[PDB]
file work20.pdb (PDB, C-alpha atoms and all ligand atoms)
ATOM      1  CA  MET A   1      18.976  -6.945 -52.694  1.00  0.00           C
ATOM      2  CA  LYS A   2      21.820  -9.375 -53.316  1.00  0.00           C
ATOM      3  CA  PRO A   3      25.321  -9.089 -51.680  1.00  0.00           C
ATOM      4  CA  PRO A   4      28.138  -9.493 -54.224  1.00  0.00           C
ATOM      5  CA  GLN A   5      29.555 -12.855 -53.109  1.00  0.00           C
ATOM      6  CA  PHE A   6      26.252 -14.588 -54.064  1.00  0.00           C
ATOM      7  CA  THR A   7      24.926 -15.810 -57.380  1.00  0.00           C
ATOM      8  CA  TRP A   8      21.161 -15.386 -57.777  1.00  0.00           C
ATOM      9  CA  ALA A   9      20.710 -19.127 -57.081  1.00  0.00           C
ATOM     10  CA  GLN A  10      22.881 -19.023 -53.939  1.00  0.00           C
ATOM     11  CA  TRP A  11      20.934 -16.003 -52.720  1.00  0.00           C
ATOM     12  CA  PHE A  12      17.607 -17.806 -53.407  1.00  0.00           C
ATOM     13  CA  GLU A  13      18.864 -20.766 -51.335  1.00  0.00           C
ATOM     14  CA  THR A  14      19.989 -18.443 -48.494  1.00  0.00           C
ATOM     15  CA  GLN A  15      16.713 -16.485 -48.369  1.00  0.00           C
ATOM     16  CA  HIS A  16      14.135 -19.210 -49.132  1.00  0.00           C
ATOM     17  CA  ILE A  17      15.531 -22.684 -48.357  1.00  0.00           C
ATOM     18  CA  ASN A  18      18.222 -22.576 -45.623  1.00  0.00           C
ATOM     19  CA  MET A  19      16.120 -21.600 -42.639  1.00  0.00           C
ATOM     20  CA  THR A  20      18.927 -21.804 -40.056  1.00  0.00           C
ATOM     21  CA  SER A  21      16.483 -21.854 -37.068  1.00  0.00           C
ATOM     22  CA  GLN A  22      12.761 -22.833 -36.923  1.00  0.00           C
ATOM     23  CA  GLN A  23      12.291 -19.414 -35.195  1.00  0.00           C
ATOM     24  CA  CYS A  24      11.878 -16.479 -37.629  1.00  0.00           C
ATOM     25  CA  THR A  25      13.658 -13.914 -35.372  1.00  0.00           C
ATOM     26  CA  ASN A  26      16.806 -16.066 -35.408  1.00  0.00           C
ATOM     27  CA  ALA A  27      16.598 -17.209 -39.069  1.00  0.00           C
ATOM     28  CA  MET A  28      16.040 -13.677 -40.334  1.00  0.00           C
ATOM     29  CA  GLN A  29      19.279 -12.423 -38.688  1.00  0.00           C
ATOM     30  CA  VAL A  30      21.241 -14.191 -41.518  1.00  0.00           C
ATOM     31  CA  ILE A  31      19.297 -12.457 -44.315  1.00  0.00           C
ATOM     32  CA  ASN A  32      19.270  -9.115 -42.556  1.00  0.00           C
ATOM     33  CA  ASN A  33      23.006  -9.169 -41.697  1.00  0.00           C
ATOM     34  CA  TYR A  34      23.732  -9.858 -45.390  1.00  0.00           C
ATOM     35  CA  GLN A  35      21.274  -7.115 -46.659  1.00  0.00           C
ATOM     36  CA  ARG A  36      22.206  -4.545 -43.961  1.00  0.00           C
ATOM     37  CA  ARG A  37      18.551  -3.909 -43.128  1.00  0.00           C
ATOM     38  CA  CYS A  38      15.591  -5.747 -41.560  1.00  0.00           C
ATOM     39  CA  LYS A  39      13.619  -7.264 -44.421  1.00  0.00           C
ATOM     40  CA  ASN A  40       9.909  -6.615 -43.868  1.00  0.00           C
ATOM     41  CA  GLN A  41       8.723 -10.133 -44.758  1.00  0.00           C
ATOM     42  CA  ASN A  42      10.165 -13.390 -46.109  1.00  0.00           C
ATOM     43  CA  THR A  43       9.087 -16.956 -46.900  1.00  0.00           C
ATOM     44  CA  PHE A  44      11.136 -20.064 -46.137  1.00  0.00           C
ATOM     45  CA  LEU A  45       9.953 -23.146 -48.132  1.00  0.00           C
ATOM     46  CA  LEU A  46      10.370 -26.412 -46.170  1.00  0.00           C
ATOM     47  CA  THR A  47      11.629 -28.316 -49.260  1.00  0.00           C
ATOM     48  CA  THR A  48      15.025 -29.199 -50.705  1.00  0.00           C
ATOM     49  CA  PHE A  49      17.041 -27.166 -53.251  1.00  0.00           C
ATOM     50  CA  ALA A  50      16.985 -30.204 -55.599  1.00  0.00           C
ATOM     51  CA  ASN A  51      13.154 -30.264 -55.350  1.00  0.00           C
ATOM     52  CA  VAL A  52      13.032 -26.594 -56.434  1.00  0.00           C
ATOM     53  CA  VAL A  53      15.419 -27.266 -59.338  1.00  0.00           C
ATOM     54  CA  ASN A  54      12.985 -30.012 -60.471  1.00  0.00           C
ATOM     55  CA  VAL A  55      10.087 -27.469 -60.322  1.00  0.00           C
ATOM     56  CA  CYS A  56      12.158 -25.394 -62.827  1.00  0.00           C
ATOM     57  CA  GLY A  57      11.478 -28.348 -65.227  1.00  0.00           C
ATOM     58  CA  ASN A  58       7.670 -27.909 -64.992  1.00  0.00           C
ATOM     59  CA  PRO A  59       5.854 -26.006 -67.785  1.00  0.00           C
ATOM     60  CA  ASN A  60       6.634 -22.318 -68.169  1.00  0.00           C
ATOM     61  CA  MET A  61       3.959 -19.811 -67.065  1.00  0.00           C
ATOM     62  CA  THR A  62       3.640 -16.069 -66.751  1.00  0.00           C
ATOM     63  CA  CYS A  63       4.957 -14.741 -63.441  1.00  0.00           C
ATOM     64  CA  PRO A  64       1.955 -13.304 -61.463  1.00  0.00           C
ATOM     65  CA  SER A  65       4.173 -10.555 -60.035  1.00  0.00           C
ATOM     66  CA  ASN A  66       5.319  -9.403 -63.529  1.00  0.00           C
ATOM     67  CA  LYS A  67       3.164 -10.072 -66.615  1.00  0.00           C
ATOM     68  CA  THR A  68       6.107  -9.490 -68.928  1.00  0.00           C
ATOM     69  CA  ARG A  69       8.099 -12.523 -67.659  1.00  0.00           C
ATOM     70  CA  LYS A  70       7.582 -16.110 -68.824  1.00  0.00           C
ATOM     71  CA  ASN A  71      10.369 -17.844 -66.808  1.00  0.00           C
ATOM     72  CA  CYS A  72       8.035 -18.900 -63.947  1.00  0.00           C
ATOM     73  CA  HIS A  73       7.058 -22.445 -62.959  1.00  0.00           C
ATOM     74  CA  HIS A  74       4.338 -23.828 -60.601  1.00  0.00           C
ATOM     75  CA  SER A  75       5.359 -26.283 -57.894  1.00  0.00           C
ATOM     76  CA  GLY A  76       2.643 -28.830 -58.771  1.00  0.00           C
ATOM     77  CA  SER A  77       2.351 -29.947 -55.125  1.00  0.00           C
ATOM     78  CA  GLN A  78       1.981 -27.992 -51.889  1.00  0.00           C
ATOM     79  CA  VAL A  79       4.834 -27.782 -49.434  1.00  0.00           C
ATOM     80  CA  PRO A  80       5.069 -26.757 -45.781  1.00  0.00           C
ATOM     81  CA  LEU A  81       6.471 -23.233 -45.408  1.00  0.00           C
ATOM     82  CA  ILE A  82       7.109 -20.590 -42.728  1.00  0.00           C
ATOM     83  CA  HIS A  83       6.363 -16.944 -43.497  1.00  0.00           C
ATOM     84  CA  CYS A  84       8.224 -14.376 -41.370  1.00  0.00           C
ATOM     85  CA  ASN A  85       6.751 -10.838 -40.777  1.00  0.00           C
ATOM     86  CA  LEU A  86       8.702  -8.003 -39.123  1.00  0.00           C
ATOM     87  CA  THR A  87       7.018  -6.951 -35.847  1.00  0.00           C
ATOM     88  CA  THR A  88       9.800  -4.793 -34.482  1.00  0.00           C
ATOM     89  CA  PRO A  89      12.007  -2.780 -36.970  1.00  0.00           C
ATOM     90  CA  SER A  90      15.291  -1.693 -35.192  1.00  0.00           C
ATOM     91  CA  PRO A  91      16.775   0.889 -37.574  1.00  0.00           C
ATOM     92  CA  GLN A  92      20.098   1.288 -35.745  1.00  0.00           C
ATOM     93  CA  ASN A  93      20.720  -2.250 -34.541  1.00  0.00           C
ATOM     94  CA  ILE A  94      19.440  -4.837 -36.984  1.00  0.00           C
ATOM     95  CA  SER A  95      20.144  -7.692 -34.648  1.00  0.00           C
ATOM     96  CA  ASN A  96      17.300  -6.442 -32.410  1.00  0.00           C
ATOM     97  CA  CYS A  97      14.684  -6.885 -35.132  1.00  0.00           C
ATOM     98  CA  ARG A  98      11.950  -9.381 -34.175  1.00  0.00           C
ATOM     99  CA  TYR A  99       9.532 -11.361 -36.317  1.00  0.00           C
ATOM    100  CA  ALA A 100       6.259 -13.237 -36.175  1.00  0.00           C
ATOM    101  CA  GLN A 101       6.106 -16.699 -37.814  1.00  0.00           C
ATOM    102  CA  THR A 102       3.162 -18.221 -39.711  1.00  0.00           C
ATOM    103  CA  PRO A 103       3.243 -21.949 -40.726  1.00  0.00           C
ATOM    104  CA  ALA A 104       1.288 -22.971 -43.822  1.00  0.00           C
ATOM    105  CA  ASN A 105       0.986 -25.577 -46.587  1.00  0.00           C
ATOM    106  CA  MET A 106       0.887 -23.845 -49.972  1.00  0.00           C
ATOM    107  CA  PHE A 107       1.827 -24.095 -53.649  1.00  0.00           C
ATOM    108  CA  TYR A 108       4.612 -21.825 -54.899  1.00  0.00           C
ATOM    109  CA  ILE A 109       5.696 -20.226 -58.194  1.00  0.00           C
ATOM    110  CA  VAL A 110       9.463 -19.735 -58.825  1.00  0.00           C
ATOM    111  CA  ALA A 111      11.345 -17.957 -61.623  1.00  0.00           C
ATOM    112  CA  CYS A 112      14.286 -19.960 -62.975  1.00  0.00           C
ATOM    113  CA  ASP A 113      17.240 -19.010 -65.191  1.00  0.00           C
ATOM    114  CA  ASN A 114      20.421 -20.435 -66.648  1.00  0.00           C
ATOM    115  CA  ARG A 115      23.109 -20.750 -63.958  1.00  0.00           C
ATOM    116  CA  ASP A 116      25.902 -18.188 -63.422  1.00  0.00           C
ATOM    117  CA  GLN A 117      28.503 -19.466 -65.807  1.00  0.00           C
ATOM    118  CA  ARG A 118      31.542 -18.576 -63.674  1.00  0.00           C
ATOM    119  CA  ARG A 119      30.282 -19.151 -60.142  1.00  0.00           C
ATOM    120  CA  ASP A 120      27.380 -21.637 -60.019  1.00  0.00           C
ATOM    121  CA  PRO A 121      28.237 -25.381 -59.940  1.00  0.00           C
ATOM    122  CA  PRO A 122      27.811 -27.166 -63.299  1.00  0.00           C
ATOM    123  CA  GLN A 123      25.655 -29.827 -61.556  1.00  0.00           C
ATOM    124  CA  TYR A 124      22.542 -27.617 -62.104  1.00  0.00           C
ATOM    125  CA  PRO A 125      22.377 -25.862 -65.507  1.00  0.00           C
ATOM    126  CA  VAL A 126      18.959 -24.371 -64.577  1.00  0.00           C
ATOM    127  CA  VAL A 127      18.393 -22.820 -61.133  1.00  0.00           C
ATOM    128  CA  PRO A 128      15.724 -20.960 -59.143  1.00  0.00           C
ATOM    129  CA  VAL A 129      16.431 -17.235 -58.801  1.00  0.00           C
ATOM    130  CA  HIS A 130      13.218 -15.618 -57.455  1.00  0.00           C
ATOM    131  CA  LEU A 131      10.194 -16.686 -55.363  1.00  0.00           C
ATOM    132  CA  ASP A 132       7.303 -15.086 -57.308  1.00  0.00           C
ATOM    133  CA  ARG A 133       4.240 -16.172 -55.341  1.00  0.00           C
ATOM    134  CA  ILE A 134       2.879 -18.492 -52.641  1.00  0.00           C
ATOM    135  CA  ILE A 135      -0.730 -19.683 -53.077  1.00  0.00           C
TER     136      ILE A 135
HETATM  137  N1  LIG B   1       1.387 -10.651 -49.247  1.00  0.00           N
HETATM  138  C1  LIG B   1       2.468 -11.397 -49.354  1.00  0.00           C
HETATM  139  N2  LIG B   1       2.449 -12.831 -48.994  1.00  0.00           N
HETATM  140  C2  LIG B   1       3.516 -13.542 -49.057  1.00  0.00           C
HETATM  141  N3  LIG B   1       4.729 -13.049 -49.536  1.00  0.00           N
HETATM  142  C3  LIG B   1       4.856 -11.773 -49.848  1.00  0.00           C
HETATM  143  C4  LIG B   1       3.697 -10.935 -49.765  1.00  0.00           C
HETATM  144  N4  LIG B   1       4.118  -9.651 -50.128  1.00  0.00           N
HETATM  145  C5  LIG B   1       5.382  -9.731 -50.436  1.00  0.00           C
HETATM  146  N5  LIG B   1       5.924 -10.970 -50.333  1.00  0.00           N
HETATM  147  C6  LIG B   1       7.387 -11.483 -50.592  1.00  0.00           C
HETATM  148  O1  LIG B   1       8.096 -10.834 -49.443  1.00  0.00           O
HETATM  149  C7  LIG B   1       9.433 -10.507 -49.955  1.00  0.00           C
HETATM  150  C8  LIG B   1       9.701  -9.235 -49.544  1.00  0.00           C
HETATM  151  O2  LIG B   1       9.006  -8.358 -50.394  1.00  0.00           O
HETATM  152  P1  LIG B   1       9.294  -6.621 -50.096  1.00  0.00           P
HETATM  153  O3  LIG B   1       8.932  -6.582 -48.685  1.00  0.00           O
HETATM  154  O4  LIG B   1       8.066  -6.168 -50.912  1.00  0.00           O
HETATM  155  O5  LIG B   1      10.690  -6.268 -50.393  1.00  0.00           O
HETATM  156  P2  LIG B   1      11.997  -6.455 -51.048  1.00  0.00           P
HETATM  157  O6  LIG B   1      12.750  -7.235 -50.123  1.00  0.00           O
HETATM  158  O7  LIG B   1      12.626  -5.120 -51.293  1.00  0.00           O
HETATM  159  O8  LIG B   1      12.021  -7.115 -52.456  1.00  0.00           O
HETATM  160  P3  LIG B   1      12.597  -8.254 -53.265  1.00  0.00           P
HETATM  161  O9  LIG B   1      11.785  -8.560 -54.453  1.00  0.00           O
HETATM  162  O10 LIG B   1      13.922  -7.989 -53.810  1.00  0.00           O
HETATM  163  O11 LIG B   1      12.537  -9.530 -52.444  1.00  0.00           O
HETATM  164  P4  LIG B   1      13.267 -10.924 -52.377  1.00  0.00           P
HETATM  165  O12 LIG B   1      14.688 -10.690 -52.115  1.00  0.00           O
HETATM  166  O13 LIG B   1      12.590 -11.866 -51.464  1.00  0.00           O
HETATM  167  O14 LIG B   1      12.984 -11.407 -53.845  1.00  0.00           O
HETATM  168  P5  LIG B   1      13.105 -12.873 -54.497  1.00  0.00           P
HETATM  169  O15 LIG B   1      13.924 -13.772 -53.697  1.00  0.00           O
HETATM  170  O16 LIG B   1      11.704 -13.359 -54.769  1.00  0.00           O
HETATM  171  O17 LIG B   1      13.670 -12.540 -55.907  1.00  0.00           O
HETATM  172  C9  LIG B   1      15.124 -12.211 -56.068  1.00  0.00           C
HETATM  173  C10 LIG B   1      15.295 -11.076 -57.094  1.00  0.00           C
HETATM  174  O18 LIG B   1      14.794 -11.715 -58.377  1.00  0.00           O
HETATM  175  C11 LIG B   1      14.631 -10.701 -59.248  1.00  0.00           C
HETATM  176  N6  LIG B   1      13.410 -11.022 -60.154  1.00  0.00           N
HETATM  177  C12 LIG B   1      11.962 -10.748 -60.023  1.00  0.00           C
HETATM  178  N7  LIG B   1      11.324 -11.392 -61.017  1.00  0.00           N
HETATM  179  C13 LIG B   1      12.269 -12.232 -61.741  1.00  0.00           C
HETATM  180  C14 LIG B   1      12.086 -13.073 -62.729  1.00  0.00           C
HETATM  181  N8  LIG B   1      10.969 -13.406 -63.403  1.00  0.00           N
HETATM  182  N9  LIG B   1      13.227 -13.700 -63.171  1.00  0.00           N
HETATM  183  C15 LIG B   1      14.469 -13.494 -62.648  1.00  0.00           C
HETATM  184  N10 LIG B   1      14.670 -12.623 -61.617  1.00  0.00           N
HETATM  185  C16 LIG B   1      13.491 -11.946 -61.230  1.00  0.00           C
HETATM  186  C17 LIG B   1      14.531  -9.341 -58.483  1.00  0.00           C
HETATM  187  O19 LIG B   1      15.676  -8.534 -58.660  1.00  0.00           O
HETATM  188  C18 LIG B   1      14.251  -9.896 -57.066  1.00  0.00           C
HETATM  189  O20 LIG B   1      14.827  -8.921 -56.135  1.00  0.00           O
HETATM  190  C19 LIG B   1       9.536 -10.778 -51.580  1.00  0.00           C
HETATM  191  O21 LIG B   1       9.829 -12.215 -51.855  1.00  0.00           O
HETATM  192  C20 LIG B   1       7.886 -11.035 -51.783  1.00  0.00           C
HETATM  193  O22 LIG B   1       7.725 -11.736 -52.931  1.00  0.00           O
END
call {"tool": "encode", "arguments": {"input": "work20.pdb", "output": "structure tokens", "more": "lines below"}}
Ligand SMILES: Nc1ncnc2c1ncn2[C@@H]1O[C@H](COP(=O)(O)OP(=O)(O)OP(=O)(O)OP(=O)(O)OP(=O)(O)OC[C@H]2O[C@@H](n3cnc4c(N)ncnc43)[C@H](O)[C@@H]2O)[C@@H](O)[C@H]1O
result
Amino acid sequence: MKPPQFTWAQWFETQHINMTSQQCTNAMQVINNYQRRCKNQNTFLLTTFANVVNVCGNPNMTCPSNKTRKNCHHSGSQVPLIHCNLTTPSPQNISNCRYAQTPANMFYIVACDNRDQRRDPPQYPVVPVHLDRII
């Protein structure tokens, strides 16, 4: 879920682009401290935010995770990524959660929307908001 100081695009960047350590246990502390729980799994794409914005310009397709949405876009090329999986869940001390890390080279599908009018920078009228699938 999204903390209130984020737009959807800023939250996408925080969860899926800004991997603050190459180790999942460390990188996941940021997400988990913002969500107040240990997220069970999460992908970080080793690409730039601008590259994702350009994927939002690729043809629209149906989102595989929800057949009623048509705001998804295929990456066209594969990228390197790291997928983090929770190995150790620490209910009453989220900083003690630990993760496994899996490196891969995969395509991705992102949902994009119009930016948040009040809070997102006008530089990018169209922004990624959800990571629908890795393939
Ligand atoms: N087998 C597997 N292999 C690899 N990865 C796997 C996997 N199984 C699960 N995953 C991924 O693991 C993560 C954890 O899933 P899960 O463990 O199932 O839990 P979750 O954290 O409660 O769920 P969220 O959907 O809210 O996850 P998120 O914050 O990552 O969502 P996202 O940034 O994409 O989206 C942000 C928000 O966008 C919103 N949204 C969904 N669809 C659209 C859409 N078309 N357009 C705009 N917003 C949309 C929702 O509110 C969503 O919360 C989810 O990304 C999932 O996709």
call {"tool": "residues_near_ligand", "arguments": {"input": "work20.pdb", "ligand": "ligand LIG 1 (chain B)", "cutoff": "8 Å", "atoms": "only C-alpha atoms and all ligand atoms", "output": "PyMOL selection string"}}
result
chain A and resi 1-2+8+11-12+15-16+39-43+63+65-66+69-72+83+110-113+129-134
call {"tool": "write_last_selection", "arguments": {"input": "work20.pdb", "atoms": "C-alpha atoms", "output": "PDB file, in the coordinates of the input"}}
result
ATOM      1  CA  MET A   1      18.976  -6.945 -52.694  1.00  0.00           C
ATOM      2  CA  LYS A   2      21.820  -9.375 -53.316  1.00  0.00           C
ATOM      3  CA  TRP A   8      21.161 -15.386 -57.777  1.00  0.00           C
ATOM      4  CA  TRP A  11      20.934 -16.003 -52.720  1.00  0.00           C
ATOM      5  CA  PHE A  12      17.607 -17.806 -53.407  1.00  0.00           C
ATOM      6  CA  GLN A  15      16.713 -16.485 -48.369  1.00  0.00           C
ATOM      7  CA  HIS A  16      14.135 -19.210 -49.132  1.00  0.00           C
ATOM      8  CA  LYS A  39      13.619  -7.264 -44.421  1.00  0.00           C
ATOM      9  CA  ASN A  40       9.909  -6.615 -43.868  1.00  0.00           C
ATOM     10  CA  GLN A  41       8.723 -10.133 -44.758  1.00  0.00           C
ATOM     11  CA  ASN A  42      10.165 -13.390 -46.109  1.00  0.00           C
ATOM     12  CA  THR A  43       9.087 -16.956 -46.900  1.00  0.00           C
ATOM     13  CA  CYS A  63       4.957 -14.741 -63.441  1.00  0.00           C
ATOM     14  CA  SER A  65       4.173 -10.555 -60.035  1.00  0.00           C
ATOM     15  CA  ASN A  66       5.319  -9.403 -63.529  1.00  0.00           C
ATOM     16  CA  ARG A  69       8.099 -12.523 -67.659  1.00  0.00           C
ATOM     17  CA  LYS A  70       7.582 -16.110 -68.824  1.00  0.00           C
ATOM     18  CA  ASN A  71      10.369 -17.844 -66.808  1.00  0.00           C
ATOM     19  CA  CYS A  72       8.035 -18.900 -63.947  1.00  0.00           C
ATOM     20  CA  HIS A  83       6.363 -16.944 -43.497  1.00  0.00           C
ATOM     21  CA  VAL A 110       9.463 -19.735 -58.825  1.00  0.00           C
ATOM     22  CA  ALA A 111      11.345 -17.957 -61.623  1.00  0.00           C
ATOM     23  CA  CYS A 112      14.286 -19.960 -62.975  1.00  0.00           C
ATOM     24  CA  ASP A 113      17.240 -19.010 -65.191  1.00  0.00           C
ATOM     25  CA  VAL A 129      16.431 -17.235 -58.801  1.00  0.00           C
ATOM     26  CA  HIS A 130      13.218 -15.618 -57.455  1.00  0.00           C
ATOM     27  CA  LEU A 131      10.194 -16.686 -55.363  1.00  0.00           C
ATOM     28  CA  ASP A 132       7.303 -15.086 -57.308  1.00  0.00           C
ATOM     29  CA  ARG A 133       4.240 -16.172 -55.341  1.00  0.00           C
ATOM     30  CA  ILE A 134       2.879 -18.492 -52.641  1.00  0.00           C
TER      31      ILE A 134
END
call {"tool": "axis_aligned_box", "arguments": {"input": "work20.pdb", "around": "stretch 22-34 of chain A", "padding_each_side": "4 Å", "output": "AutoDock Vina command-line options"}}
result
--center_x 17.8 --center_y -16.0 --center_z -40.3 --size_x 19.9 --size_y 21.7 --size_z 18.2
call {"tool": "residues_around", "arguments": {"input": "work20.pdb", "residues": "residue A:135", "least_positions_apart": "5", "cutoff": "9 Å", "atoms": "only C-alpha atoms", "output": "VMD selection string"}}
result
chain A and resid 78 105 to 109
call {"tool": "resolve_selection", "arguments": {"input": "work20.pdb", "expression": "the PyMOL selection byres (((chain A and resi 86) around 7) and not hetatm)", "output": "list in words"}}
result
residues 40, 41, 84, 85, 87, 88, 89, 98, 99 and 100 of chain A
call {"tool": "write_last_selection", "arguments": {"input": "work20.pdb", "atoms": "C-alpha atoms", "output": "PDB file, in the coordinates of the input"}}
result
ATOM      1  CA  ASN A  40       9.909  -6.615 -43.868  1.00  0.00           C
ATOM      2  CA  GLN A  41       8.723 -10.133 -44.758  1.00  0.00           C
ATOM      3  CA  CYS A  84       8.224 -14.376 -41.370  1.00  0.00           C
ATOM      4  CA  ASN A  85       6.751 -10.838 -40.777  1.00  0.00           C
ATOM      5  CA  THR A  87       7.018  -6.951 -35.847  1.00  0.00           C
ATOM      6  CA  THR A  88       9.800  -4.793 -34.482  1.00  0.00           C
ATOM      7  CA  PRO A  89      12.007  -2.780 -36.970  1.00  0.00           C
ATOM      8  CA  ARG A  98      11.950  -9.381 -34.175  1.00  0.00           C
ATOM      9  CA  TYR A  99       9.532 -11.361 -36.317  1.00  0.00           C
ATOM     10  CA  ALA A 100       6.259 -13.237 -36.175  1.00  0.00           C
TER      11      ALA A 100
END
call {"tool": "closest_residue", "arguments": {"input": "work20.pdb", "among": "A:80, A:64, A:59, A:4", "to": "residue A:47", "atoms": "all atoms listed in the file"}}
result
A:80
call {"tool": "atom_distance", "arguments": {"input": "work20.pdb", "atom1": "atom CA of residue A:6", "atom2": "atom CA of residue A:30"}}
result
13.5 Å
call {"tool": "atom_distance", "arguments": {"input": "work20.pdb", "atom1": "atom CA of residue A:119", "atom2": "atom CA of residue A:7"}}
result
6.9 Å
call {"tool": "closest_residue", "arguments": {"input": "work20.pdb", "among": "A:93, A:76, A:33, A:49", "to": "residue A:126", "atoms": "only C-alpha atoms"}}
result
A:49
call {"tool": "atom_distance", "arguments": {"input": "work20.pdb", "atom1": "atom CA of residue A:115", "atom2": "atom CA of residue A:13"}}
result
13.3 Å
call {"tool": "resolve_selection", "arguments": {"input": "work20.pdb", "expression": "the PyMOL selection byres (((chain A and resi 58) around 8) and not hetatm)", "output": "ChimeraX atom specification"}}
result
/A:54-57,59-60,73-75
call {"tool": "closest_residue", "arguments": {"input": "work20.pdb", "among": "A:9, A:24, A:61, A:81", "to": "residue A:44", "atoms": "all atoms listed in the file"}}
result
A:81
call {"tool": "resolve_selection", "arguments": {"input": "work20.pdb", "expression": "the PyMOL selection byres (((chain A and resi 94) around 8) and not hetatm)", "output": "list in words"}}
result
residues 29, 32, 33, 36, 37, 38, 89, 90, 91, 92, 93, 95, 96 and 97 of chain A
call {"tool": "decode", "arguments": {"input": "work20.pdb", "residues": "stretch 100-119 of chain A", "atoms": "C-alpha atoms", "output": "PDB file, in the first residue's frame"}}
result
ATOM      1  CA  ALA A 100      16.664 -14.004  -0.632  1.00  0.00           C
ATOM      2  CA  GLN A 101      17.722 -12.357  -3.929  1.00  0.00           C
ATOM      3  CA  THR A 102      17.328 -13.787  -7.447  1.00  0.00           C
ATOM      4  CA  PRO A 103      19.028 -12.033 -10.442  1.00  0.00           C
ATOM      5  CA  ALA A 104      17.395 -12.404 -13.854  1.00  0.00           C
ATOM      6  CA  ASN A 105      17.044 -10.850 -17.317  1.00  0.00           C
ATOM      7  CA  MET A 106      13.359 -10.513 -18.200  1.00  0.00           C
ATOM      8  CA  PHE A 107      10.756  -8.448 -20.052  1.00  0.00           C
ATOM      9  CA  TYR A 108       8.295  -6.449 -17.950  1.00  0.00           C
ATOM     10  CA  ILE A 109       4.756  -5.054 -18.298  1.00  0.00           C
ATOM     11  CA  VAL A 110       3.926  -1.736 -16.530  1.00  0.00           C
ATOM     12  CA  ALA A 111       0.636   0.137 -16.088  1.00  0.00           C
ATOM     13  CA  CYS A 112       0.919   3.871 -16.772  1.00  0.00           C
ATOM     14  CA  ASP A 113      -1.397   6.805 -16.015  1.00  0.00           C
ATOM     15  CA  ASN A 114      -1.575  10.570 -16.266  1.00  0.00           C
ATOM     16  CA  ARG A 115       0.630  12.200 -13.612  1.00  0.00           C
ATOM     17  CA  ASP A 116      -0.685  13.542 -10.277  1.00  0.00           C
ATOM     18  CA  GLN A 117      -1.652  17.035 -11.250  1.00  0.00           C
ATOM     19  CA  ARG A 118      -0.665  18.705  -7.962  1.00  0.00           C
ATOM     20  CA  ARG A 119       2.378  16.708  -6.890  1.00  0.00           C
TER      21      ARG A 119
END
